[PDB]
């Protein structure tokens, strides 16, 4: 078979894969060792290119990595804060929260959901140097199907999933961030159908979907 590079691979070919991922905007260390950050970047790359998301690089992925990036395929690992006035209002407190705690991540982003506040905070930067780029309200799971707590990584995504939700981002298994249910479906019925998921205004689910690459750290508490 053709050569396959994956988690654990090393050498100058890996280094060039990493250089190409950096050209695509993934901001990883190009050291020639295919670690988790390279795996996650490859998975995101594959998702954005509508090819199988397995985290391995063979001919198909390599061919695409050799194309010039475009607006459709390039990741921005620096994002300017949203102009929503709540960003500025909560900036200091949210940044203090993120910077003073463990925030494991494989991207230049991090997302916190505080269940007691029913609020989401989205950051750009690195551990202990996070900048708040967005914040918004959420609705998490009802008490009989509560949202999972813990630390996770963005695992998967989709544009949509007899009711529909838009712009889902997978936390773990069936626990997702997604839009309000759709004609809007809310109330006790909306909570029963959403189970443990985190519901957001459509624009905010879309924001997470558009901004956070696979491997972005997640903290829910």
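Residue numbers count along the first chain shown, from 1.
- On average the C-alpha atoms of 184 to 192 have higher B-factors than those of the other stretch, with 184 to 192 and 30 to 38 being the two compared.
- As the entry records it, the average C-alpha temperature factor is higher for 136 to 144, out of 136 to 144 and 113 to 121.
- Looking at 22, 16, 203, 9, the one whose CA carries the top B-factor in the deposited record is 203.
- Ranked by Cα temperature factor within the chain, residue 80 sits in the middle third according to the deposited record.
- In this PDB entry, the Cα temperature factor of residue 162 sits in the top third of its chain's modelled residues, the highest group.
- Per the deposited record, the Cα B-factor of residue 50 falls in the middle third when ranked against the other modelled residues of its chain.
- Ranked by Cα temperature factor within the chain, residue 218 sits in the lowest third according to the deposited record.
- Sorting the modelled residues of the chain by their CA temperature factor places residue 198 in the highest third.
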